[PDB]
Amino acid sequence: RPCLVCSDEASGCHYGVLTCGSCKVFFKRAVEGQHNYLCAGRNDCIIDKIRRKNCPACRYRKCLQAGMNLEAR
């Protein structure tokens, strides 16, 4: 489906998996970024176009479960 991460309209395979424009950046900034993403549920959040801004911990955990690589070095 479009964005095997947020179900929004994907722009094309990004970092290895089909994603929207947003998802691209999120996963770039998440990875190269000092963070402490903490979920406020049970690590099972729904993630769509709208519901995505909500939980970063799960969304990133999604930009990890479904391939999405930065690739070594």
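The numbering used is simple: start at 1 and walk along the sequence shown. Basically, rigid core = biggest C-alpha set you can superpose within 1.5 Å across the two forms.
Across the superposed structures in 5 other deposited structures of this protein, aligned by the core, the stretch whose Cα atoms lie more distant on average is 31 to 39, chosen from 44 to 52 and 31 to 39. Once the C-alpha B-factors are averaged per stretch, 40 to 48 and 27 to 35 rank with 27 to 35 first. When the modelled residues of the chain are ordered by C-alpha B-factor, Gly21 sits in the middle third.
When all modelled residues of the chain are sorted by CA temperature factor, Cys55 is found within the lowest third.
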